[PDB]
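So you know, we letter chains A, B, ... as the sequences are listed, proteins then strands, and number each from 1. Note that these values count all heavy atoms, side chains included, but never hydrogens, waters or copies made by symmetry.
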Amino acid sequence: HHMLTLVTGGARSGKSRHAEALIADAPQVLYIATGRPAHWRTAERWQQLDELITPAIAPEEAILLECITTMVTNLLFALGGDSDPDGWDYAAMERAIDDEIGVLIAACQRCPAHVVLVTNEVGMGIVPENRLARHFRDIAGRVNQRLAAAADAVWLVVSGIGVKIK
Amino acid sequence: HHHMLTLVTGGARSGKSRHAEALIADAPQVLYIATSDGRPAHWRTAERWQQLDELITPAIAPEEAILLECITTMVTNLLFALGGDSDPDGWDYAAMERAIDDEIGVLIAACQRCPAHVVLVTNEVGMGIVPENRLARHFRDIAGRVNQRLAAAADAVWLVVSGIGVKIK
Amino acid sequence: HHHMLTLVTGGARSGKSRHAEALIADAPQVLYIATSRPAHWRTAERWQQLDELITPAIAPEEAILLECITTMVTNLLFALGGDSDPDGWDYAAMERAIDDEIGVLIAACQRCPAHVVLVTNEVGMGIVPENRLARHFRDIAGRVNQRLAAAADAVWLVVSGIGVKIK
């Protein structure tokens, strides 16, 4: 309730199971995807998220978004189309993503429900050889910093174990 | 201490082996399970990465310790045991993960019937970019699910970063 | 803090630099060493013979920020490797040379009255690289970070911009 939680972790780290546990007592759930239980309703959406995360949401309806990483990828390919990603203007693309993330953050601030955002840690390997992967890793890292600063709580999930770091 | 299962995880060359050794420094005898010359005399080494209940047994003394290095290599050994030298693009990774699940279940059950302190070393491999190779992508997912299962069974879990152990369970 | 060594580690674009700035925000003077910003900082570009910059003469109320260990490692590999195919390189000899340079750095920090903050990267929690140079870089960088953390008074892991004190 009037709370924003960010859950981050690596691939198959258990971060989705952890986020579901955070909201398991909510009478109802809105799942934003970028077979679910009966008291869940699902929406597929990765842009203009203030149209779903609104001041009219029932205060007892938890909102779970999975996941920020795929939102970023979807925005990049929406802007890039079918063109060769080697040629994308990643500076201009990140400005567009910054607008969408700012809409997301402003919407959470005005919504009475608990919002849980799931994201991925993608930056503790080696520098990618592929240009898109290099820029994606940088953009995802900056996006996660911004969301963590806005969040009231931040969990890092490692091998299924939650570590509360904010 | 006795009847204890510890998981130690971390990245490549993160110091997790030195941390694991520190955890069992006081044990009068150690069984070192190498999964594939300078070990102390009170260590015994056994090369094994399947049917581990045959080495991690109820008969082991409670004051001893068992160190397994490492879960990641056990997983890759099982993949290549089932796939051989064939093109890994074609492997049935669902069937291969079921076989790995069988062996990890035997390992967990064996630890829970063993009086020794068992320390399992594993690797975090999931915090980079999605691999562009089919085998690497599936291995990343399998390794992550295996580590979740071991951490849930463990009494203690350490994450070692730049040589520093962080107790997270 | 005077006569202190802090290590700050984390992934790419994890907010390490911002966290390190916060650690030294109360220093009246800062030396920034770039191995590849507030106006009062003075900058140097250096990744070798770091005892010429990190000296006993520095005042104890000052701070030194070095960014970053990872690039000093890769610069040394590329400098020592030369223009032959890196599949063929003597990585054992290269690591001995890198160890020598890290020893110079650690010793210089221990004779310096300033608070020295070293920024480095975690590069070891992905999949084993398919390239020999990248595999050896990953292993050397991991060992270097272990050595720096052991010598440091304080160690921070920065995740998604959030600093976690682990030593």
For the residue pair C/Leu66 and C/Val117, establish whether any side-chain heavy-atom pair is separated by less than 4.5 Å. no
Measuring only between side-chain heavy atoms, which start at C-beta, is B/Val166 closer than 4.5 Å to B/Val160? no
Under a 3.5 Å distance rule, please check whether B/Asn77 uses its side chain to pair with a backbone N or O of B/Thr35 as donor and acceptor. yes
Considering only heavy atoms from C-beta outward, does the side chain of B/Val30 approach that of B/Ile66 to under 4.5 Å? no
Note, B/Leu67 side chain near B/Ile33 side chain (heavy atom, < 4.5 Å): no
Nearest-0.5 Å distance that lies between atom CZ in C/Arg135 and atom CD1 in C/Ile140: 12.5 Å
Under a 4.0 Å threshold between the charged nitrogen and the carboxylate oxygen, would A/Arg142 count as salt-bridged to A/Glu94? yes
Do you know the tightest heavy-atom contact between C/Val119 and C/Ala20? CG2-CB, 4.1 Å
Using the ring of B/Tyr32 (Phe, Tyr or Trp, six-membered ring only), decide whether B/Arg44 places NZ or CZ under 6.0 Å from its centre and within 45 degrees of its axis. no
Is the side chain of A/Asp84 donor-acceptor paired with the backbone N or O of A/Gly87 at a distance under 3.5 Å, no angle test? no
Distance alone, cut at 3.5 Å: any donor-acceptor contact between the side chains of B/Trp49 and B/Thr73? no
Does the pair C/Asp87/C/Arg132 count as a salt bridge with the N-to-O cut at 4.0 Å? no
Would the distance check show the side chain of B/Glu103 and the main-chain N or O of B/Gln51 forming a donor-acceptor pair, the cut-off being under 3.5 Å? yes
Give, for atom CD1 of B/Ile129 and atom CZ of B/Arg140, the distance between the pair rounded to the nearest 0.5 Å. 8.0 Å
Provide the closest heavy-atom pair for B/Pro131 versus B/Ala136 in the form atom of the first, atom of the second, distance. CB-CB, 3.5 Å
Taking all non-hydrogen atoms of both residues, which atom of A/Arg45 and which atom of A/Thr34 are closest, and how far apart? O-CG2, 3.5 Å
Looking at A/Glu129, I'd like to know if its CD atom is crowded, meaning that more than 12 non-hydrogen atoms belonging to other residues, nucleotides or ligands lie closer than 6.0 Å. no
Start with the C-alpha gap between C/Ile106 and C/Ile102, add the side-chain angles, then the distance that decides, and say whether side chain to side chain contact (heavy atoms under 4.5 Å, CB included) holds. CA-CA 6 Å; C/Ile106 289 168; C/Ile102 294 296; 3.7 Å; yes
Would you indicate whether the side-chain heavy atoms of A/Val7 and A/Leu22 approach each other to under 4.5 Å? yes
Test: ring pair (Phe, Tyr, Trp, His ring centres under 6.0 Å). Region: residues 127-167 of chain C. Which pairs qualify, not counting sequence neighbours? C/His19-C/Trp156, C/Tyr91-C/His136
Partner residues of C/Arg147 under the salt bridge (charged side-chain N to carboxylate O under 4.0 Å, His left out) criterion, sequence neighbours left out: none
Ignoring hydrogens and geometry, is there a side-chain-to-backbone donor-acceptor pair from B/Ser14 to B/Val161 under 3.5 Å? no
Identify whether the distance between the nearest side-chain nitrogen and carboxylate oxygen of B/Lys16 and B/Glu124 falls below 4.0 Å. no
Test your reading of the model: is there a side-chain donor-acceptor pair from C/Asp153 to the backbone of C/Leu5, 3.5 Å cut-off? yes
In this structure, are over 12 heavy atoms from other groups packed under 6.0 Å from B/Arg13 atom CZ? no
Inter-residue atom distance C/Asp99.CG - C/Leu76.CG, 0.5 Å rounding: 10.5 Å
Side chain C/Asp90, main chain C/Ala93, donor-acceptor under 3.5 Å: yes
Hey, does A/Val143 have a side-chain heavy atom less than 4.5 Å from the side chain of A/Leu147? yes
Can you tell me if B/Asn147 uses its side chain to pair, donor with acceptor, with the backbone of B/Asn123 under 3.5 Å? yes
Is the shortest side-chain N to carboxylate O distance from A/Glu66 to A/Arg36 below 4.0 Å? yes
Candidate pair B/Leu135 and B/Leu79, rule side chain to side chain contact (heavy atoms under 4.5 Å, CB included), full reasoning: CA-CA 10 Å; B/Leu135 166 62; B/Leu79 293 173; 4.2 Å; yes
If I take atom SG from residue A/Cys67 and atom CD1 from residue A/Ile32, how far apart are they, to the nearest 0.5 angstrom? 12.5 Å
How close do B/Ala154 and B/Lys169 get, heavy atom to heavy atom, and via which atoms? O-NZ, 2.8 Å
Any side-chain heavy atom of C/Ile162 sitting closer than 4.5 Å to one from A/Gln145? no
What's the spacing between A/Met124 CE and C/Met125 CE if we round to 0.5 Å? 5.0 Å
Spacing of CG belonging to C/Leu7 relative to CG belonging to C/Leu157, to within rounding of 0.5 Å: 10.0 Å
Closest approach of C/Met72 and C/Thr35, non-hydrogen atoms and distance? N-OG1, 4.1 Å
Grab the two heavy atoms, one from C/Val116 and one from C/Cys109, that are nearest each other, plus how far apart they are. CG1-SG, 3.7 Å
If we only count heavy atoms from C-beta on, is the B/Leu120 to B/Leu107 side-chain gap below 4.5 Å? yes
